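Quick setup: one chain, the form solved without the ligand, written in structure tokens, and binding and motion questions come after.
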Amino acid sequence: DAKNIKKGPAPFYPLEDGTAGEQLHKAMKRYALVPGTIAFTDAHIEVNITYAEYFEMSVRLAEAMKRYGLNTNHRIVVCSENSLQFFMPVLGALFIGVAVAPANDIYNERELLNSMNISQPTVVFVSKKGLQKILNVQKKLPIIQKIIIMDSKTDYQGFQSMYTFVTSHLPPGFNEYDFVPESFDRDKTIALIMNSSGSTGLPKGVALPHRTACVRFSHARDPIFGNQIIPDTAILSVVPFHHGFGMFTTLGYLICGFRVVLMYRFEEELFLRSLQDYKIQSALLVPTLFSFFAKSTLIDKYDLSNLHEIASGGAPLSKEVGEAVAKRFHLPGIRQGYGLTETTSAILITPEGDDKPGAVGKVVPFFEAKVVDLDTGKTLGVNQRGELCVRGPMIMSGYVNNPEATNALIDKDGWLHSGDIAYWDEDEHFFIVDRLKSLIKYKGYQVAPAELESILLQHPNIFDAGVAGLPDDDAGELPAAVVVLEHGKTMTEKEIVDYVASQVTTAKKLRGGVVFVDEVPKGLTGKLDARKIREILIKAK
């Protein structure tokens, strides 16, 4: 008891049998048979593509890859900005159990190399604007046998398109509607290899088995935790396909037969006009697009009467920004949640209606969550703050070729340890403790760490900084920082302290001093890791 474990309710829609490829194949085939059902719409070029087109090409890419030689022992990379084509090789691979590692058109060569060094792909699908970078990475990773151009019909600079590639390898009388996807073990066959960003150091490869997608397809249909399947539902999605939010909303939308309208370059008017003209029900935004829309004054120009929901997925939002965005859009609130790459998608989610101010949401079906004491690891009770831990069928199988990082994160009982601080209240709402609102407190007077961090990031020789409060006794807290120097530059602690003092009131002085590090510790979300910053400076002095 262990009435202190917060458990998700029963799913509205049971977990269905099959691989992710099989459930996607089955749903999309039914939508393919209704002419004119729109799967994806490109807001920039205004072209629609139907489920019939989308199913037939994905089916053909699956068989073409199968005949080329790929099976559950291979991985592909899809390297492209959001596009009408992005999900064709993705769906094709899932149909035959080939693992997919997404990457973006505009990631630098260094980022692509490390990502694809982890995923080690036999075949790369790339858009025209990513070709040169994939070529340059290929000469450094010779497991890359074949490059296929996504946004072309003819061959392109000697390389095959998806359309000519399919034609080289399909059997003579191939029938898209007789194809059957590979059956295989959903628990161990890897569906996605997602990149991590995440904590400190190099991005890791998060391996996600087909099961996580299949569980997510239950969430997508849920009237409480996902989207109610009404006909002519359209989503305006402005989030990258190659992070969890965009990858797994989209796969779920395809299961549901929805129209997915895409924007890959954000523009204010195009966004608002697309909400209006496409009669969008739900919009997906990256967190800093929420702050953008808190400032927009054009929203009242548009007829947004069909708009029911703006969502941020796994990213928590401050109460201030969310309320402001809800108010600008005349919504009762916004849909928030908390998830990690390592959880596939959001595992805490705002329940429909059941929103509470400042809450991030509630535990999703199939999941349980707890908070634990940061010293004993013992499960805490109501309204007590500890580390958030979660357990469920959407947790990754692990990091690709790094069981050390895996076992350090997931315990012997399957609890993932988030590194983030949370509590739950009496109604089972969760709250994520935001580092930015934890004020440092010096003889009465409080300072936001991000204020000082901003002062420090201003200096030409300071590359990165993390500010937290050093416990003192005399004092309460002394503001103190870990500082990452810019390559080449030399600074002393007294130099940095003198610089801050010359920019802040005397209460906000950096009396705790400075500890030079190589990197500011970050959590799995990418936000600064205050607890570890504090540890570093305690150990130092």
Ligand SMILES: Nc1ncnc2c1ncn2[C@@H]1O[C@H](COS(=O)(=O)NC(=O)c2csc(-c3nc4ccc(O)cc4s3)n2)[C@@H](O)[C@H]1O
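Just so we're on the same page, rigid core means the largest C-alpha set that superposes within 1.5 Å between forms. For every residue, the number given is its place in the sequence shown, counted from 1.
Beyond what is shown, the protein has a form deposited with the ligand bound; the following relates to that form.
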Blocked or open, judged by overlaying the ligand from its pose in the bound PDB entry and testing 2.4 Å from backbone or C-beta atoms: blocked
For the chain seen here without its partner, which of 243-251, 378-386, 152-160, 292-300 has a heavy atom within 4.5 Å of the ligand in the bound PDB entry? 243-251
In the bound PDB entry, do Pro316, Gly339 and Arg435 all reach within 4.5 Å of the ligand through at least one heavy atom apiece? yes
Heavy atom within 4.5 Å of the ligand in the bound PDB entry: which of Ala346, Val467, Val98, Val77 fits that? Just give me the one. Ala346
Which of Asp420, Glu323, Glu451, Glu176 has a heavy atom within 4.5 Å of the ligand in the bound PDB entry? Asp420
Check whether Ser119 has any heavy atom within 4.5 Å of a heavy atom of the ligand in the bound PDB entry, and answer yes or no. no
Just to confirm, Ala311 within 4.5 Å of the ligand in the bound PDB entry by heavy atoms? yes
Going by a heavy atom distance of 4.5 Å, is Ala207 a contact of the ligand in the bound PDB entry? no
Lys527: touches the ligand in the bound PDB entry, heavy atom cutoff 4.5 angstroms: yes
So, does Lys146 move by 2 Å or more at the CA between the shown form and the other one, with the core held fixed? no
Examine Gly444 after superposing the rigid core and state whether its CA is displaced by 2 Å or more between the shown form and the other one. yes
Answer yes if the Cα of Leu270 shifts by 2 angstroms or more between the shown form and the other one on a rigid-core superposition, and no otherwise. no
Having a change of 3 Å or more in the C-alpha distance between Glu519 and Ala408, I'd like to know whether it is closer or farther in the bound PDB entry than in the form here. farther
Answer with closer or farther for the CA-CA spacing of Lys412 and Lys522 in the bound PDB entry compared to the shown form; it moves by 3 Å or more. farther
